[PDB]
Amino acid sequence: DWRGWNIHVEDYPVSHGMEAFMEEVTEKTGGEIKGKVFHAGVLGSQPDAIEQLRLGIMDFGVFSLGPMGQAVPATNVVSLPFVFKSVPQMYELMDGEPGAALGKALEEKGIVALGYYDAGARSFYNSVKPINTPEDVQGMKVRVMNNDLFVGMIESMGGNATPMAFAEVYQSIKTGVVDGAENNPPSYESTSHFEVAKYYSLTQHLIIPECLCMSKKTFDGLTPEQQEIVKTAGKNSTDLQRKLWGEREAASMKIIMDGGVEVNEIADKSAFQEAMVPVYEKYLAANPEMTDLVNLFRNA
């Protein structure tokens, strides 16, 4: 029986996508393949789950490409701030040749990409004050995901970054040891972060695709007919998740606003973009070979 990893609560678009995937595989194989999605990160933190999947210990999962930068260096390109112009542009690129290049990089590291799930855009939330300019982040203690790029992002605005597993964030914000974090509206809402960090500032500074994927070890052990069933089910589940995502993004925004969060938009987006130049400079100085791939995205 397969085991699938999900970081999210059961009632979440990713979760429904993954369950639909597993249901379809079982249906189309006539019960020959069965499995279960394990929600709420119970089978590990995200970096550790990625390692399990590469090793064949975990059969499938939906992973943010954010933490995937350590195992699969090519994927760092999607974690660059403002690298995508919009979420629809992200779909176009990830479903096209740039996404195919990332798929090849993942395969080289033992991971078979079946589709790219939507995670919208990430924005800052905190318990201290609204963020309207990069200067507002100065001195702020901000949790980030496990990718060094994100540490650089926060430091470039004078903040103090702490890499921390997603499941630990709520308590750290609640008890006041980090001031805030950054995420899309469904994540901010579903985790109850919005109950303990009541300022949400729509910087939309990262758009990070997620990948429904399989362990290559598991995938390579399937019959050709099973492989085709898996690929089709993956595509169908991606279509479903993306549809659910749109609906949930609005629903979560409504919950956030009805819950008393002070939401502010960013008038001067240019200032945040300019503040991020050093993240690009640094990444490409440490990793010159990635220059062509980065331009494939940022110049699209």
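Note that residue numbering begins at 1 and tracks the sequence as displayed.
For the pair 98-106 and 191-199, the mean B factor over Cα atoms is greater in 98-106. Taking the PDB entry as given, 281-289 carries the higher mean Cα B factor of the two stretches 281-289 and 16-24.
Listed residues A251, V42, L65, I57 were ranked by CA B-factor as deposited; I57 comes out on top. You'll see in the entry that, of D118, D179, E135, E168, the Cα B factor peaks at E135. Per the deposited record, the Cα B-factor of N184 falls in the lowest third when ranked against the other modelled residues of its chain. The entry lists a Cα temperature factor for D148 that places it in the highest third of the chain's modelled residues. When the modelled residues of the chain are ordered by C-alpha B-factor, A49 sits in the lowest third. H8: CA B factor lies in the lowest third for its chain, per the PDB record. Looking at the C-alpha B-factors along this chain, the one for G234 belongs to the middle third.
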